[PDB]
Amino acid sequence: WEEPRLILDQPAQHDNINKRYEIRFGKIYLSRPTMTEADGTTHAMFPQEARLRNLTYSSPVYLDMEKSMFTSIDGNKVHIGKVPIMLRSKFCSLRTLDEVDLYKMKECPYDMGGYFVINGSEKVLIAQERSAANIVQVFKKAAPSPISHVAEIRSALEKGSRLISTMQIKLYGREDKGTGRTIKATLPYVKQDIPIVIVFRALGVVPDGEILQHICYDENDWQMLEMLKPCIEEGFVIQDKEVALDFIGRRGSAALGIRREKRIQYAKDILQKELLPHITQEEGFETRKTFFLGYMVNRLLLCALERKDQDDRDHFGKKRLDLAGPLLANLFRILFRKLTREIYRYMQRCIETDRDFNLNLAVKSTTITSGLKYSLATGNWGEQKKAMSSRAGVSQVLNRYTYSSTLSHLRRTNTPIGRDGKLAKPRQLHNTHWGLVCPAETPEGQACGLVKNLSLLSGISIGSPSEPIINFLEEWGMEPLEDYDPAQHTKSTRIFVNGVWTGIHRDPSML
Amino acid sequence: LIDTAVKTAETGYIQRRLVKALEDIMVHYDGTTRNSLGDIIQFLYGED
Amino acid sequence: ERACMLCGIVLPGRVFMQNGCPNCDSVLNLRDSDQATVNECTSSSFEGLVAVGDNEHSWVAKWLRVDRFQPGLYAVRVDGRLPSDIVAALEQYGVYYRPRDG
Amino acid sequence: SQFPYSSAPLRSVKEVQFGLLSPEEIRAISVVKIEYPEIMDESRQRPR
Amino acid sequence: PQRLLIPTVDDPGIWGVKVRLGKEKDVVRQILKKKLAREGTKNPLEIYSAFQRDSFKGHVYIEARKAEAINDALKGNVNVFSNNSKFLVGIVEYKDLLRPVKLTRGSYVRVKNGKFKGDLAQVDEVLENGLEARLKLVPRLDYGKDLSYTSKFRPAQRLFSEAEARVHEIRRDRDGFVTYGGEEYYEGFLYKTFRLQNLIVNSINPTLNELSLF
Amino acid sequence: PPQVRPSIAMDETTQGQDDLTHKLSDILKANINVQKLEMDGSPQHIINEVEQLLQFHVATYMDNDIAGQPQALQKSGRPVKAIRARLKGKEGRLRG
Amino acid sequence: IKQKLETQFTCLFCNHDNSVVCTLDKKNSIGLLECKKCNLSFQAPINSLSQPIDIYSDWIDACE
Amino acid sequence: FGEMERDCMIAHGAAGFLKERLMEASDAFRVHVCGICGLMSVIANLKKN
Amino acid sequence: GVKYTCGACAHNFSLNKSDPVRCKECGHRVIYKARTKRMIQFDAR
Amino acid sequence: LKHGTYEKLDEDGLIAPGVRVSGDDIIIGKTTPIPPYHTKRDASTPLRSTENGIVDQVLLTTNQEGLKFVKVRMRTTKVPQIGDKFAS
RNA sequence: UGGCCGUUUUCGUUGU
Ligand SMILES: [Zn+2]
Ligand SMILES: [Zn+2]
Ligand SMILES: [Zn+2]
Ligand SMILES: [Zn+2]
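Structure determination for this PDB entry was carried out by cryo-EM, with a resolution of 4.1 Å recorded in the header.

Right, here's the structure in full:
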């Protein structure tokens with residue numbers, strides 16, 4: 001559903017007509033794994049059969065296309081590919097058959113599965129780890145740098161939970177060196193930084209009073225006022241939305257000469273979208289974005305005031321574990337984009353002939369199947385032609401030298417921190433690990449401290465719909481930001497969800 | 001554990017560098033310590 | 001696509017079969033002739049893909065002698081040679097021929 | 001002892017002289033000119 | 001006379017732009033279709049023609065009178081590298097970008113097509129149509145030893161000997177002219193209709209075996 | 001000679017060509033092409049581009065780790081083996 | 001110190017690329033541009049946050 | 001016969017052993033050189049003398 | 001001359017390297033060879 | 001041809017289960033047609049020279065692509081002796 | 001009747 005439509009057009013003039021080909025993606029169909037011999041004979045396949053014959057426990061998939069034609073003078077169940085299935089999962093033969101049949105089917109009742117098979121090699125997925133998304137962290141940079149504090153945030157769309165953009169606020173200036181302590185923001189798809197005040201103005205709050213009240217919620221904290229004052233001092237050449245936006249668009253990393261005609265809208269696009277995408281993308285909701293910027297800068301300054309500690313980059317609560325689910329999701333998305341572009345190109349060099357395509361010579365299901373097969377075959381978690389620069393070692397031959405070894409191998413973790421530069425913060429243990437990872441287990445040598453193991457009562461969140469949650473919050477008197485001001489709600493409790501500010505409330509304890 | 005794992009490689013590197021540096025110094029008959037070219041580093045090895 | 005020997009216009013063989021040459025069907029008789037005549041007047045081989053849309057003043061159009069020939073795909077070079085019958089018929093009607101193969 | 005009989009006298013290396021190659025030197029030493037990208041004559045053995 | 005048609009300053013300018021490799025023909029036809037569709041519209045495409053020469057692979061030229069005209073002639077094309085890599089052309093070079101640019105009977109030629117690729121021959125007879133040329137080859141036949149081919153399992157070559165084919169495996173037409181399975185064998189030499197695309201007549205470097213035989 | 005660039009028999013009868021031999025052949029191709037520009041239309045720009053390509057081949061043939069610019073690959077996408085690699089690193093001829 | 005920048009900007013009028021120099025004069029808050037073929041120049045006040053891209057864009061807007 | 005082994009052998013000051021361990025128990029080879037250019041290019045045919 | 005044994009129906013038969021590799025009786029596609037006839041020894045140690 | 005022995009194969013080229021194998025012994029004799037008599041080359045699969053035991057269970061089925069596709073599970077028992085490893 | 005030929009490159013896991 002991410003890209004549910006393919007669209008073409010034809011302003012054929014030879015009599016001017018606009019012929020539109022619009023292909024729509026519909027429902028997905030999944031099948032139980034099935035063998036098809038070279039003889040054309042087909043039969044439901046079983047794991048043991050696979051191991052014996054170097055097969056692949058895979059479920060061919062059928063997707064519902066929808067071919068449509070729109071001429072203006074002014075599909076079916078399509079076989080797309082084969083997804084390997086993890087044994088004992090809901091979509092494997094063995095979920096049924098109870099124990100007695102397993103003996104018939106030559107699979108030990110003890111083996112808990114949980115792994116895939118490809119060419120007869122029992123490959124396993126080592127769950128990876130990543131820093132939590134939609135969260136604000138503060139890092140002091142090294143002394144030999146005009147940057148003193150950094151407020152990095154990696155935003156990812158809640159739906160899917162996929163990386164979109166990464167943003168940083170850098171507190172420039174040194175101690176009586178660098179003159180005033182200017183704050184210059186960094187934005188996506190640009191080659192140069194921008195002052196904070198400029199982005200405040202270009203997003204709707206042009207006047208200084210609104211800007212300072214949004215950033216600051218402690219008026220008596222004169223230090224904040226005087227430390228952001230240099231930004232105010234330099235933030236006077238810009239006084240309206242428009243020159244601010246053009247300033248942004250004048251450094252849009254785009255072509256040269258997009259003029260004030262289209263450059264302003266380029267800036268408005270790069271501001272509405274590509275910026276804090278996890279919050280929103282529609283117009284008329286810049287209030288949320290401005291409030292979030294204000295919170296970010298307030299926290300950054302507070303860290304710059306040493307009134308609170310910088311978050312520990314090894315803190316586990318800020319760490320998230322990627323299981324097989326999302327990993328396969330991302331790989332499938334890459335293969336899906338490739339398939340979509342394949343179909344679009346075939347439409348290009350088959351529609352001009354105006355020959356009705358069969359949706360069968362076009363869709364090359366070989367792409368998905370070969371891609372997934374090779375990816376899990378070598379673990380090079382990406383397309384073959386980009387073997388280099390590809391996260392490696394995420395799929396490995398399962399170890400069955402003993403039952404306990406196999407049990408451990410299926411609860412392993414990993415860290416994508418590499419080894420170029422030893423350091424010790426990533427490798428060492430931490431207090432937060434209490435009751436979530438084994439304080440006793442880890443390999444030896446280069447990986448010592450990286451590869452972890454979940455405790456004996458660990459559990460991984462799969463995600464729940466937040467819409468009922470917000471409904472409850474909204475059901476319970478939460479006060480939107482549009483009724484928020486530092487003066488009034490100086491003791492009311494801000495409310496956050498999934499890392500995104502989502503309201504204001506005064507009496508939280510009952511809530 | 002981490003400390004040992006880190007220290008071993010660094011010690012190996014330092015030992016390699018040193019060995020490469022002094023690898024050519026030898027003691028001739030005259031009692032003077034010269035590298036390949038003939039530079040004299042100690043006129044009497046170790047001063048004894 | 002087969003390029004007409006005289007004007008150089010190249011269009012799908014179905015176009016010549018159903019409509020002849022856009023410029024030379026009046027003198028070459030491609031639309032209402034046998035397949036041999038069309039094939040010899042339009043060989044599958046051509047070179048110099050020149051996309052001409054404006055020719056009344058285009059320098060290249062004058063160069064190739066396609067200023068009068070309707071703008072389109074024209075063949076700078078064509079291999080082979082026409083039979084004797086087509087050349088003789090064209091010379092009879094006032095059309096001295098010049099292959100563009102160069 | 002491993003090598004067969006050879007008439008040339010046997011001695012050791014004393015000096016190594018570095019320095020580039022004069023193109024006439026290369027021509028004086030090369031025994032062939034390379035002109036054919038096709039390594040294998042016609043896939044009929046006997047490379048070109 | 002083409003000599004009095006030489007270009008001038010008042011003739012339209014030309015810019016040579018790079019596009020996606022191999023899809024130069026696609027970009028050329030896209031340009032033609034845009035010009036034909038935008039011919040006379042309120043914003044007509046200000047070009048005279050677009051052309052590509054095979055030797056200049058990846059290079060596309062559009063005849064316009066302003067840089068933005070070339071930009072919009074190449075705009076809206078995915079088969080073009082997004083860069084506006086265009087370079088002007090000298091007056092003498094304008095005609096050099098459109099210059100178009102040895103098959104005789106008894107000429108030693110080699111084959112490249114099908115099973116008999118890489119075999120030198122003599123061109124025998126050229127059809128009137130001018131697309132197929134007869135060749136004189138040394139057959140590579142198996143005399144019904146394994147009949148119950150490609151360019152990698154093929155046995156060696158040898159002139160047709162009628163006696164061997166008679167003894168092992170044949171409609172004699174004339175003295176030395178044998179029709180054997182749709183193949184013409186004159187005086188022991190293989191004769192077949194070879195498409196001119198399948199043969200090489202220029203730049204043939206005779207080999208040791210050819211000196212021994214030819 | 002081949003002594004320095006022997007070929008790898010992937011599976012006995014199947015023989016694959018040394019990457020150095022491929023780079024040598026590609027340099028020969030670029031050279032031959034550079035020969036056949038002056039005898040036909042050579043609108044300056046083409047000659048310069050082809051010259052740069054030949055220089056690029058002969059360079060990556062002798063160092064595939066030239067700073068600042070992308071490396072050369074095989075049909076497999078893996079970076080080429082220039083002689084500088086053959087001599088440097090732990091596995092160079094010296095330390096190897 | 002005046003910097004003479006031979007930026008890759010193209011000139012609108014003389015149909016030549018890299019024939020445009022967007023000189024910087026911050027001393028008096030003045031913009032200067034030098035062309036190489038038609039030698040045209042553009043003048044405009046510049047502030048601390050203005051850059052050759054900004055001068056070029058303002059020049060384009062003025063020309064149109 | 002890694003670096004460190006070579007260094008230990010040097011330290012024990014055993015020359016000839018190190019020589020042969022790196023010569024006869026490894027790629028022992030013979031060549032010819034021209035005394036003028038000093039290079040190995042001398043084309044020789046031993047049996048042909 | 002070269003006996004076999006099915007993995008699904010466990011009925012014996014043979015083949016002469018020309019028949020397709022399938023069970024004659026139940027059609028199954030997994031087979032095993034059977035024990036040789038020369039004598040097998042163990043020292044029980 | 002290899003330097004090892006072939007006699008333990010069957011008449012069709014596979015070794016029967018229950019036969020003892022030794023180092024440098026051929027267990028699977030495969031032949032490749034030679035691109036042009038005497039036009040075949042050994043493509044055997046000799047046992048790892050550092051192993052011994054008895055062949056136990058020979059499998060012979062088609063691959064995904066319909067060619068013969070064999071598997072030989074040789075076995076032996078490891079007696080602890082001088083030079084093993086153990087751990088509490 | 002001597003004579004006699006078994007890949008590389010990656011990545012992984014481990015071992016001291
Ligand atoms: Zn015509
Ligand atoms: Zn100018
Ligand atoms: Zn010499
Ligand atoms: Zn059976």
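From this point, the narrative continues.
**Q** Give a detailed account of the overall build of chain H, specifying residues and quantitative values.
**A** Secondary structure assignment for chain H yields two helices and zero strands. Here chain H holds 49 residues, and the buried ones make up 8% of them. Entry remark: accessible area of chain H is about 4100 Å², with carbon and sulfur atoms responsible for 62%. Of the side-chain charges in chain H, 6 are positive and 6 negative, and the distance between the mean point of each set is 16 Å.

**Q** Can you break down the protein's contact with RNA strand K residue by residue, with the values?
**A** Inspection of the region around RNA strand K gives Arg412 of chain A, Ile8, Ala9, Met10, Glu12 and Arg78 of chain F together with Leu1, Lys2, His3, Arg41, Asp42 and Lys85 of chain J as its neighbouring residues. If you look at RNA strand K and keep only atoms within 4 Å of the protein, 33% of those are sugar or phosphate atoms. Within the contact set of RNA strand K, a base nitrogen lies 2.8 Å away from a side-chain nitrogen or oxygen of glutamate 12 of chain F. One of the backbone N or O atoms of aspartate 42 of chain J is found 3.4 Å from a base oxygen in RNA strand K. Examining the composition of the surface near RNA strand K, we find that three residues originate from one element, strand β1 (residues 8-11) of chain F, more than from any other. Classifying every residue of the surface near RNA strand K by side-chain character gives four nonpolar, one polar and seven charged.

**Q** Could you give an account of the coordination of the zinc ion (ligand 4), with specific residues and numbers?
**A** Octahedral metals with six donors have ideal donor angles of 90 or 180 degrees. Tetrahedral metals with four donors have an ideal donor angle of 109.5 degrees. Distances from the zinc ion (ligand 4) to its protein donors, namely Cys6 of chain I (SG), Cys9 of chain I (SG), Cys23 of chain I (SG) and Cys26 of chain I (SG), fall within the range 2.3 Å. Coordination at the zinc ion (ligand 4) is tetrahedral: its four donor atoms span angles of 105 to 112° at the metal.

**Q** Got a sec to walk through the environment of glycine 176 of chain E? Specific residues and values, please.
**A** Residues and elements named next belong to chain E. Structurally, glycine 176 can be placed in the loop between β8 (171-174) and β9 (177-179). Note on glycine 176: relative accessible area 18%, which makes it buried. Sequence separation between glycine 176 and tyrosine 186 is 10 residues, and the spatial gap between their C-alpha atoms is 5.2 Å. Setting aside anything within four residues of it in sequence, one finds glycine 176 in contact with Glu162, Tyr185, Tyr186, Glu187 and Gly188.

**Q** Give a description of the interface of chain D and chain H that names residues and reports values.
**A** Counting residues at the interface gives eight residues for chain D, matched by eight residues for chain H. Of the roughly 640 Å² buried at the junction of chain D and chain H (both faces included), carbon and sulfur atoms supply 67%. The largest contributions to the chain D side of the interface with chain H come from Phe3, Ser6 and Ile29 of chain D, which together make up 57% of the buried area. The interface formed by chain D and chain H includes zero salt bridges.

**Q** Lay out a positive patch on the surface with the relevant residues and their values.
**A** Residues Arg341, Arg345, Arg349, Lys364, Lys385 and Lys386 of chain A together with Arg20 and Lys23 of chain E make up a contiguous surface patch of positive charge. Along the chain, the position of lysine 364 of chain A falls in the loop between α9 (324-351) and α10 (366-378).

**Q** Residue-level account of the interface of chain E and chain C, with values.
**A** With 32 residues of chain E at the interface, the matching set in chain C holds 30 residues. A per-residue breakdown of the area chain E buries against chain C is headed by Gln2, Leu32 and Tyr48 of chain E, which together make up 22% of the total. The tally of links between chain E and chain C comes to three salt bridges. Measuring nitrogen to oxygen at the nearest pair gives 3.8 Å for the salt bridge that ties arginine 29 of chain E to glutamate 1 of chain C. On the surface where chain E and chain C come into contact, there are eight residue pairs in polar contact. Among the secondary structure elements, those contributing two or more residues to the side of chain E that touches chain C are α1 (24-37), β2 (47-52) and α3 (91-96) of chain E.

**Q** Could you give an account of the packing of aromatic side chains, with specific residues and numbers?
**A** On inspection of all chains with the given rule, the structure shows 20 aromatic pairs over all chains. Joined through ring pairs, the aromatic side chains of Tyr217, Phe291, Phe292, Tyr295, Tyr484, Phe496 and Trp501 of chain A make up one cluster. Taking NZ or CZ as reference, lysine 67 of chain A lies 3.9 Å from the ring centre of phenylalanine 357 of chain A, over its face. A cation sits over an aromatic face here: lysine 136 of chain E above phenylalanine 189 of chain E, 4.0 Å from the ring centre.

**Q** With reference to specific residues and values, describe a nonpolar patch on the surface.
**A** All names here are of chain A. The grouping of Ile469, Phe472, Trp476 and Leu511 at the surface amounts to a nonpolar patch, some 460 Å² of accessible area in total. Topologically, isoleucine 469 is positioned in helix α12 (residues 467-475). The partly exposed category is assigned to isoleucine 469, whose relative accessible area is 47%.

**Q** Can you lay out the coordination of the zinc ion (ligand 2) for me, pointing to particular residues and giving the numbers?
**A** Residue and element names in this part refer to chain G. Donor atoms from the polypeptide that coordinate the zinc ion (ligand 2) comprise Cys11 (SG), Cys14 (SG), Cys35 (SG) and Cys38 (SG), at 2.3 Å from the metal. Viewed at the metal, the four donor atoms of the zinc ion (ligand 2) are separated by angles of 104 to 118°, and the geometry they form is tetrahedral. Sequence positions of the residues that donate to the zinc ion (ligand 2) give the spacing C-x2-C-x20-C-x2-C. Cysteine 35 sits in the buried class, given a relative accessible area of 1%.

**Q** Got a sec to walk through the sheet that holds β2 of chain E? Specific residues and values, please.
**A** Taken together, the six strands give an open sheet; going across it, the order is β5(C)-β4(C)-β2(E)-β3(E)-β1(E)-β4(E), and neighbouring strands pair in antiparallel fashion. The open sheet is flanked by β5 (73-74) of chain C together with β4 (86-88) of chain E, the only strands paired with a single partner. Two elements, strand β1 (residues 13-18) of chain E and strand β3 (residues 59-64) of chain E, share six bridges in a ladder whose sense is antiparallel. Opposite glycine 13 of chain E, over in β3 of chain E, you have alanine 64 of chain E as the bridge partner.

**Q** Any chance you could break down the pattern of salt bridges for me, citing the residues and the numbers?
**A** Side chains bearing opposite charge may pair, as long as their charged atoms lie close to each other. Under the criterion given, the structure shown has 62 salt bridges over all chains. In this structure, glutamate 383 of chain A engages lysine 338 of chain A in a salt bridge whose closest nitrogen and oxygen atoms are separated by 3.7 Å. Residue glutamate 383 of chain A is found in the loop between α10 and β19 (395-397), and its partner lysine 338 of chain A is found in helix α9; the two are separated by 45 residues along the sequence. For the salt bridge of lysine 2 of chain J with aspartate 42 of chain J, the shortest nitrogen-to-oxygen distance reads 2.3 Å. Through salt bridges with shared partners, one network takes in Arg51, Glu107, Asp111, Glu122 and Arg400 of chain A.

**Q** Can you lay out the nonpolar core for me, pointing to particular residues and giving the numbers?
**A** If you look at the biggest cluster of nonpolar residues, it comprises 65 residues, and the most contacted ones within it are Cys4, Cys7, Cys21, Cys24 and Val50 of chain C together with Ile62 of chain E. Here this core takes five residues from helix α4 (residues 59-64) of chain C, the largest share from any one element. Residues within four places of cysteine 21 of chain C in sequence aside, it is in contact with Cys4, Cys7, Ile9, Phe16 and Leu30 of chain C. Listed in part, the 55 residues of the second largest apolar core include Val136, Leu203, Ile215 and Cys231 of chain A.

**Q** Go over the pairing of strand β7 (residues 132-137) of chain E, please, and point to the residues and values.
**A** All names here are of chain E. For β7, a buried count of five out of six residues is recorded, marking the element as mostly surrounded by other parts of the structure. Here strand β6 (residues 120-126) pairs with β7 via three bridges, running antiparallel. Bridge pairing links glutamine 122 to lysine 136 in β7. Counting the residues that bridge the hairpin from β6 to β7 gives five residues, and of these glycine 130 lies at a positive phi of roughly 95°. Pairing between β7 and strand β11 (residues 189-195): six bridges, direction antiparallel. Bridge pairing in β11 links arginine 134 to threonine 193.

**Q** An account of the arrangement of the chains is requested, with residue identities and associated values reported.
**A** Of all 18 pairs of chains in contact, the one with the most contacts involves chains C and E. When C-alpha atoms are compared, chain C and chain F, though not in contact, are closest at a spacing of 14 Å. What separates chain F from chain G at the closest point of their C-alpha atoms is a distance of 16 Å, and the two make no contact.

Criteria and cut-off values
Residues numbered from 1 in each chain as written, not as in the entry; some residues may be left out. Chains lettered and ligands numbered in written order. Part of a larger assembly, values for the part shown. Heavy atoms only, no water. Helix = DSSP H or I, 4+ residues; strand = E, 2+ residues; numbered from the N terminus. Buried < 20%, exposed > 50% of the residue type's maximum accessible area, 1.4 Å probe, protein only. Areas by Shrake-Rupley, 256 points an atom, 1.4 Å probe, with all protein chains shown as cover. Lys, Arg positive; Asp, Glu negative; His and termini not counted. Charge placed at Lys NZ, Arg CZ, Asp CG, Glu CD. Near = heavy atom within 4 Å. Polar contact = N/O pair within 3.5 Å; in protein donor to acceptor, adjacent residues only side chain to side chain. Nonpolar A, V, L, I, M, F, W, Y, C, P; charged D, E, K, R; others polar. Donors = N, O, S within 2.8 Å, 3.2 Å for Na, K, Ca; no water. Tetrahedral: all angles 85-135°; square planar, octahedral: opposite > 155°, others 65-115°. Contact = heavy atoms within 4.5 Å. Buried area = accessible area lost by both parts, 1.4 Å probe. Salt bridge = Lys/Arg side-chain N within 4 Å of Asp/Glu carboxyl O. Patch = residues over 30% accessible without salt bridge, like charges linked within 9 Å, V, L, I, M, F, W, Y side chains within 5 Å. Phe/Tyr/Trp six-rings, centres within 6.5 Å; stacked < 30°, edge-to-face > 60°. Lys NZ or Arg CZ within 6 Å of the ring centre and 35° of its normal. Pairing = 2+ DSSP bridges. Core = buried A, V, L, I, M, F, W, Y, C linked by side-chain atoms within 4.5 Å.

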